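Notes for the structure review
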Amino acid sequence: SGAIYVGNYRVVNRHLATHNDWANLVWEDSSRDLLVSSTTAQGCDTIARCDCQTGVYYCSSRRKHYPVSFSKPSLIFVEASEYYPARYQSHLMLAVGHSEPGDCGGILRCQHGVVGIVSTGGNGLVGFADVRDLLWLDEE
Ligand SMILES: O=C(NC1CC1)c1ccc2c(c1)OCO2
Ligand SMILES: [Zn+2]
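Looking at the method and resolution fields of the entry, one finds X-ray crystallography and 1.19 Å.

Within the protein chain one finds 1 helix and 11 strands. Relative to a compact globule of 140 residues, whose C-alpha radius of gyration would be 14 Å, the protein chain shows 14 Å and is just as compact. On the principal axes, the C-alpha backbone points of the protein chain span a range of 40 × 30 × 30 Å. Counting over 140 residues, the protein chain shows a buried share of 43%. Restricting the contact set of the protein chain to residue pairs at least 6 apart, pairs at least 24 apart contribute 57%. Within the structure as shown, the protein chain displays about 7,100 Å² of accessible surface, and the carbon and sulfur contribution to it stands at 51%.

Cut-offs applied
- Residues numbered from 1 in each chain as written, not as in the entry; some residues may be left out.
- Chains lettered and ligands numbered in written order.
- Heavy atoms only, no water.
- Helix = DSSP H or I, 4+ residues; strand = E, 2+ residues; numbered from the N terminus.
- Rg over C-alpha atoms; globule rule 2.2 N^0.38 Å.
- Buried < 20%, exposed > 50% of the residue type's maximum accessible area, 1.4 Å probe, protein only.
- Contact = heavy atoms within 4.5 Å.
- Areas by Shrake-Rupley, 256 points an atom, 1.4 Å probe, with all protein chains shown as cover.

Spelled out as structure tokens, the structure:
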């Protein structure tokens, strides 16, 4: 599990999105596994506007932050998880690391701030849903 809190906006994996998230929807995309919902109390995180391929992610199926090199956001054949079938996911940045289903929502961060959240995990690869192209989060 896990969310980003960029102001009064909560960023989560679309597949972990709660009834409250859907009842306070702002934007969602199934091909990315992203959804953003409105909050009443403000959060403590900032989004990265950059082309970094290095950072640190949180891996809940280990309780560790791991430093990683990660691939640029792309259309990636993911395969059967507990929460999706085998399929392509868009804007998925890839790194070599531990990612099980429940790791989803772990933050990937660089020197520029939050890069994205864990979305995918298979064959010793962790996949992150990029949020860097979503420029509209910082304002409004
Ligand atoms: O190891 C993977 N998981 C599923 C095969 C079981 C995996 C397969 C294809 C990918 C990928 C990850 O990231 C870029 O495209
Ligand atoms: Zn960066």
